[PDB]
Structures are given as structure tokens and as C-alpha cells.
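Alright, here's a single protein chain in two forms, structure 1 and structure 2, each given by itself as C-alpha cells.
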Structure 1
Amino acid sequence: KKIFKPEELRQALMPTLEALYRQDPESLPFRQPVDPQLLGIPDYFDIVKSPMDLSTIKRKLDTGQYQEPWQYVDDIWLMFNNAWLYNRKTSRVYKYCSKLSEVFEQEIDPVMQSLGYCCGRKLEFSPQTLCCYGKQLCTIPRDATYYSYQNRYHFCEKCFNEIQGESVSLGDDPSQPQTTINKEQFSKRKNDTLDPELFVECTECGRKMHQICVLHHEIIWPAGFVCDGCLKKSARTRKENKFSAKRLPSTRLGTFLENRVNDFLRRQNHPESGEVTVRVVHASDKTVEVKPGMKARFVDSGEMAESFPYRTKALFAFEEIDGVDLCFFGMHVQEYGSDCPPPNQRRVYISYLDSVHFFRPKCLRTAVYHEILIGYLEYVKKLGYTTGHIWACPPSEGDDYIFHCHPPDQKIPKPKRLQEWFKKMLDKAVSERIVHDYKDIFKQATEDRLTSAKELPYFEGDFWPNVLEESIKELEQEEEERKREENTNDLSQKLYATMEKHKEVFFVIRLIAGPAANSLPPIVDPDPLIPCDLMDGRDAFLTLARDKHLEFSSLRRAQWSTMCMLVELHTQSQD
């Protein structure tokens, strides 16, 4: 065990502070105990229930009030915090209030490392937005009027105004107990709260180190968290992690993809490259019910099928950066087999694909992405799939597709860039004879001489299924306006117009064409099913990540979130 003598700890940290005093005149407002009256602005010590400055910190060091180094850091952070809040951004104090902390980080993190503390920043997570319980499908917005109760239950600005009357007479749980509460019992606030990062304490230090920074998962090492410094001295090595991505059950598809990538990296012989692991972590058969509009007009009529059976898979690429697993790519696909009703027969469609851009080396990052997406096509081609489908639609502002909370400097590409992005790899696939050719959806329709909406493939979550229901309704009210006026290719037209509107956003990839396309044995996936509820679509994993704060915003947190999700897959595989 180790304890901090005040005068030994001063010696470490005084440089950091005396450096902060040096900023001229950035530090000058911060040098002494700000007092309302004298500074002429009456509400400062009526808003902040605690007061601080450098001199107070400076005295706290010398007198010997600091047991642990984080007290010092927190008080310094508090001084920026409580000052930022008080003054408007456009004022001068605010500007300095950042320039010092900028020095502060630069300086403090290596200084903490000398002390054996891994890092040296006060860290918090993102605004953890909550969710609805009354409407069940809805959610609780951030920085908005919010309603809640008992911390466990949250409700929207529109929720409790028209559910069970003014009084809260609806408390429902799986267990019998119920509850009736009054209208005015609720607690109002605006979601601005920030939840702070957790820490873990070592066996022989008691040191309050970041969970993320030291990367300690309770489950992987239940013996107890030992930091490396203690391990180093005792000549020890943390017992091997068995919850690694490499240790996930292998598959033909996973191995196909991780070889195509790792063979490519070996060709490149780049100095920064490490080996990649590609894993299919969910495989399960499913159905897509035809929508009510198209239902009556077609499946009830006896023209098209009532449902379409497919297979949903979830594959994830990982990389060994600094001897630590890191997930940087994820994908969701829909495989419609040979025992499937047309038009959907022998087709693969990419529901969602996503990434966090920490792949090393950066220069090979995009090329690695293309190799997966090409490898997926080649694989499914070999099984005898014919047509691949992509909806090249980037997410909207603040929306995560798979990985929760991306890095701030990960530029979400504009629809033209992403369009060109796919064009590049398909071009690469075309040259490799993996892909024969491809076209946009509109021109494919023209090529196929399509005459009715039942000849257009129907996929889960696609644009067309949800627009075809809407397109029909426009025609239903079209007659309604017609009849009222009168007193004193029906739907093939509507679609073909919409396809002309959005032609480039949708690809149609022709894996096989012509002679082979006819004489084809049935499709037989050589991989079993992989039941997993966590990776059964994107919403389940985001929820766990939004709840347990598994962010991919930084490298350090992605290394954490990856480790967490890996353990959740190795233990969802335990019944």
C-alpha cells in the first residue's frame, strides 16, 4: 500500500499549477477568491454553493490538505466548471477559462502517469437520454421538458396529458403490485444532467483509477483489479482473457472474410497493420409480413406471397490494437434463400453497416472496409445468391446506426460521397469478376420491364415496403377528392416516379447473370444458426450501449465498450 505525503505530492503537482498561474492574463481573474460586491456582479456566490480559485488550491497544496491527487484535480476542474457556468461564452473570462484547462490536460496526464495513476482527467459520459414507459414505443428527449418519477420511471411532454386521466392511476408491472398517484406529484426538469465515469480500486494501491483507462472487467478477472505497476514489480501478468473476439465461435462466413482481409494486409506489408478478426455473432431465420396496403391489393387477391422468409446475420470486425481487442466495423444482412417466393428469391440485402474509425493504419482503413463488403458478396455468390441490394443512405444528424456515440471527428459522409464510396468497391469487385455489373434501382426496373409493384423485391425495413403502403393511400384519398368535385399502372406509375427521384441512393448488384443463373442447385448455408438476442437487429445493442454507457466516441472508451460487448456475447452463449 502507498500513501501520499503532502510535500512529496506538492513536488509532483506544483509544476502543473505554477504553470497555470503563468498564463498572462488568462489566469489573472482566477488568481484570488472572487468576491461579488467588489467585482460588482451580485449573484456569483448565490448561484455556486462552493467557491474556488488558484490561490485556494495553491494553499491547499502547501498546508497539506491533499491526501490523494484527484482532490487536487477535481478542485481545479471545479474552478473552470463553476466559472464557465457563470459567465457568457462571448466574455473574456470564458475564453481564458478554456486556455488554462488546455494547458492543464497537456501537463497533468504525464504527471499522473509518473505517480502511477494511469491518466489524469476528470471525465464524464454523454447526456444519457432516457425513454418512455407509457407509450412503450416512444422515448424521452434530451434538453427538453421532461416528466419523471421514482428515478425509475420517465415520461414525455405529450405522454401523461392523454393517458389514464389527470391523475396517475396507471402503475403496471409484471408483478401484481399497482399504483395510483396524483397529477401534481411529478418532478419537472430539463435533461442536462451528465453522468460521471466510474473508477476501480487496486489491491495494493487503493488508487481510484478509471475503469476505461486501466480496462478492468469484473467478469474477466474476478480475482481483483491489480494495476500494471503492482503487476510489474511482482513480475506478474494478468491471467489471459478468454472473452476475446478471436475466441468467439468461428464460422465459414467469418473465416472467409477474416482471411480475405488478413491476406490483403499481408500483401500490403504496412508497418502499422495488425491482424483482423471477423465474426458472425447472430444467425436466425425470420419473416417479413407484407404490408396491409399491398396485402389486399395483392396477397389476398392471389398475385404475391403473404410473407417472405430470410436469414438475418450480424458480423463484426475486430482488430488487435496495443494488445487489446477493438471493434471497428459491424454489419446486418438479409439472406433470402432459394426456398423463398419470388421476386425476393436468391437475394442479399444490407440492412445496416457502420464503423468507428480507429483502424490502424488509417491509410488502409477504407480498403479494409471494401474487402469485407466484397468478401461478403463473393461468399454469398459462391453459395449461389444472384442479386445483392444496397440502400446507400447515411444516417441523419446525431443518429447512430450500430455503434453508440461515435467520435466527434468522424465525418458522416454526404450522400454523394457515400454513393461514390460504394461505386469504388463495386468497381473493384467488377474487376475481380466477383461482381458482373450493377445498376441503380430505377434503371434495373427499366431493364427488367417491370409492370406491377409485386415484381419489386420486398425487404425488411427497406424504403419501398414503407413507401408502397403510403403510395397506395395517396391514391385512396385521390378518389375521395375526385368524388367530391363531381357533383357540381395505377400504382406502377407512382413507384416509377419515386424511383426516378431517388435512383442513385439505391444499388442493385448483379452477382450472377445469364447461363448460370438458371441451372442452380439450392442454397445451403454451411453455418448453423447462432441465436443471440443482443445482436438480433441494431436496436437491442444500442439500448445496452445507451444504458451501460458503452460509447465509441474515444479510442479509450471503444476499447472498453468492445471488451464489455465481447463478454456479453460469451455469456449470452450460456443458458
Structure 2
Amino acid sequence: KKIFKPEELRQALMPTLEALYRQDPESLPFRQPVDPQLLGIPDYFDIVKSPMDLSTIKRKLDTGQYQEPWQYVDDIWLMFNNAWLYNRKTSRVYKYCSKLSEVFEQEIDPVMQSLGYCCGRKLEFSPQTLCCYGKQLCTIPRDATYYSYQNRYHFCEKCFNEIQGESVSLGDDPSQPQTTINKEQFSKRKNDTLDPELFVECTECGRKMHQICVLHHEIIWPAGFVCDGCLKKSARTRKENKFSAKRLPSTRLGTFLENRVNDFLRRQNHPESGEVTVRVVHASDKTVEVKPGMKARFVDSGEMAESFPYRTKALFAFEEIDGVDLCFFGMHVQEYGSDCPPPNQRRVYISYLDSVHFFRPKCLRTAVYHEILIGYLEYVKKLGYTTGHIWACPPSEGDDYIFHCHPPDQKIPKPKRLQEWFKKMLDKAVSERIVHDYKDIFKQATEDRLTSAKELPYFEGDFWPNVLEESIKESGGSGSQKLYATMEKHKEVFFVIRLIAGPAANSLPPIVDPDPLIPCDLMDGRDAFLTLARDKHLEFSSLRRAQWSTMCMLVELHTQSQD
């Protein structure tokens, strides 16, 4: 019901238009309508379907042809966009248009906020990286050229010509079907699509606002979105967000971890700090099956179990930033209890761990990650797990372990840095008398005097079961030939962590998890959360997006159980 008078707009908007005029000599190609004849370029109007310049925008602002502020922002970007679509990253017009937008990004935000809006940015989702289907490590970066069929199966232009002739094997994904598709049936594409961010309208104002900015979810507030401005003018606020990190069900594991982190934070008494919530959101019983090579060498002759049972758990840590939950750490673990046979007995394995670097304060981020991890080791140690195993291997270019689409400026560690990061955490744990000691897989195997692949712990998704299949094949049926060699080669990447050692490790009681099972398909393994994020445009790439993603993650965790 809010009416905007054409003179209250120019009162607010014109300053930021003038600030674009005032840039000598950067605004020249924009000050008056582009005239293709007067610059000799007949291929202009055919490339720019609807053009814009500075005076056209000014005329509309002076006459009164802008109903609402976004129309003015939209034209301003239209003008920039045409200008980028013609010139290259190399010319002068481009450089100029960059400057104006750069200047405009600066002025528009306060002004738009003056008018009662969330911001003044034009916001879109940069094209995600896709999975090349040929190599299995192959990746498709933004702007690259790729081939799709039914928008499922995409191929990197290199991988695609590495195919035999014109017939492509495809859809080997679920079950038996080997549907064979011809090359002619594919779409040649550029991974360059830009989806805009969505707006939500205020049911009292009428103002378009960025969904992600105002954090409005249809499930949490089904009455409809009411902007802060309107809420303040009636001395009221939003309903409580019942779907919070804090209100996720508690478990002993979570309570233990968060107490540790929070106690740690208190002793620091650092001023930017806020309390950390830790929640276990998945817990289920699984079995890993020994693969066919190792099964035929060791299982069929009864030297090794055909499978090992383990519990898998997914846990996340959250912090309140600007009065809103943000998810900053995640981890999936595998726990092989006392009922599991050798050699996996009483071992825990960290499948995957991951983070988004928005924890406040930056100063204590690493230390908190170390605290959560050391705390996990301390928990399972008390219950009776004797040993922990960690495969320290950073994700490859544009892969994400748990959180879809990280911030562009959250550097990923190289192997050395990651290995030293783990050595630091474990050294801490060694000095608190929690971890007894640790060694790389090779020094450990020597220590334990092992002589056969069958003595190596065998975890779901780990590196060793795969290399053992190759070992047995390549060596003609042996299970020891290149074992110590392979262990040397990769040694500094494979941490083996002794929580309980010596004679003490032999006369221990049964391991009992006081926590109950927690079914939750969304976090059974890591692929579902990644898919959910890919599917719903969730990103962890900026604080505001991480906040919204977190908000959605929670709504999913809460509405999955209740039915």
C-alpha cells in the first residue's frame, strides 16, 4: 500500500546518478545514447536488444517514470551490462564501465537503505561447477564449454572428444540399464547461466526485498513476510524462529563437544566471541563390505570378516552471528565398536570434515576446530575406542566435502599445511594426556609388525580398500607384495592416533553408546546435503548466503522428523 512520489525518489536517487556523471573521463561513452552510425558499428543494435545511457535514465528520473527504486537500479545495470557484452576485458570502454559500476556499488547501498530496503546490489548466482562424467575426477568450471543430455549427464569438451566415434555409454548410474546415446543428441553449452536471486514482497510495505537479505522462510513465518521497518512502526517483532540450531535435539556427544568449545571460549575472554552450539544430527548403523579382490584372497579362506559393522554420525557446529544461526563446521565419523571384529575393532575414522570461515572471532577459528576435534577424540576414548584414523587430504579444485560452494576467498590448504594443521591439533591433545601418541600409517605398521593387508583397518570410503584391490590384481593374487611400499609412499597423509595404549588396551569393557540412534536421511553420508544445496541454490559463499543456507538446513532438519 506504500506509494512512492516521483519527487521523493529523485530526491534520493539523483545523487548517485550525478556521482556517475562526475567521473572524468570514465563516464563519456555513457552520458548520451549510444549512436552506432556516429562510431561506425552496424553490429551494435543486433547485439544489444534494449540499450541504456545516462541521459535516458535521468529523463525517466526527472519526468517520473520510476514506480519503485529497483527499476532505477535495473536500468543502471542494464547500461553496464550492454557495455560489457560488446567490448572485451581489454578495451577502454570496458575499463570505464567497470569504474562506473565500481563507483555505483559504493553509493547505491546507503541510498537504497534510506528508502527502507535491504540493499541496492544486483544479485545473482554464479554458475556452479559441474561433474564431468568421463574421468570421474574431471570438473567443469564456470564459463567452460560442455555437452549435456537431458540436463543430467554433462561432459568436458576434452573428455567428450576422448570418446569413441559417435556412440556414448550412459546412465550406468542407477542399477543395470546401459542406455546408449548418440553424440548427435547432446547440447553444446557454455557453463555461463546466471540465475538472479529471488525477492519477497512485504505484505504491508509492498517493497521487493532480497529473500536472503531479510532471511524470510515460508515455513518459519507462513503468515507472510513483514519487513523490519513495518514491524518497528507497530512496536512489534517476528515470531520466534522455533527451527533453530539450539533447538535441535541434544545428545551427550554434542553436549560434551559444545561444553568444551564454550569453556575454551570463556577462558580466552576474547571480545568478539559468541557461544557455539554443537549438534549430532545423524546416527545410524551400517556395514562396510570387503570388496571382491580382498574378499577372494582373505574372506573366502576365512582369514578375515566379510564385513565390519559401524555406527556413522554427522555433527555440525553453529555460532550466532548478528542474532542469526550460522553453520561453520561439519564432520562425519565412522565408529567401529567392541562388537566389530579385527582389525576394525574399537577404531574410529573421520570420513570428512569441512568448514566455512565465518566464525567470529577469526583469531580463534583454528583453535575452535582443534577443540571440537580433540573433544571428539576425548569422548570416544572414554567410551572405550582405542584408536583414531584420519586421512588428511584436501579437496581437489572446486570440490566440496560437506558445504556446497565455499567462499572464493577461503583458501584451501595444500597437503603440507593440512598435515601440519593435524600435527598441531594432535600435539595439543598429546599434551593434555588425551592422545597417547600418533604416527603415520607406515611407522605404525612397522611398530605393529604387520605382514599382511588383512591386518589393515578397512573403512567405508577410505583409500586403503581401493588400493588393495589394485595391489592384489596387479601382483597376481598376493596381499603383501607392495604393502610396505604403498604405505611409505603415502605415509604423511595417514594419521593413526593411539587414545589407549599398552596392556590397558586389552582388558576393556564393552563399548556402549549412551546416545540413541537418530535417523535422518539428509545427513546419512555427505552426498544428500550437497544435493539439497545444489537443488535449492544454497551456498556457503558469503556470510549472508551461509546464514540463509543455515536457515534452510535447519528447516530441513526439523521438518524431516515431524510428519
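Numbering runs along the sequence of structure 1, starting at 1. C-alpha atoms forming the largest set that superposes within 1.5 Å between two forms make up the rigid core.
Checking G116, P343, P415, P141 for C-alpha shifts of 2 Å or more between the two structures, after the rigid core is superposed, gives a single hit: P141. Superposition of the core reveals a Cα shift of less than 2 Å for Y379 between the two structures. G323 shows a C-alpha shift below 2 Å between the two structures [criterion: core-superposed Cα displacement of 2 Å]. With the core held fixed, the Cα of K362 is displaced between the two structures by less than 2 Å. Taking the core as the fixed frame between the two structures, we note the C-alpha of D173 moving 15.1 angstrom. Superposed on the core, the two forms differ at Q128, whose C-alpha moves 4.9 Å between the two structures.
In the core-superposed comparison between the two structures, the CA atom of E397 travels 0.6 Å.
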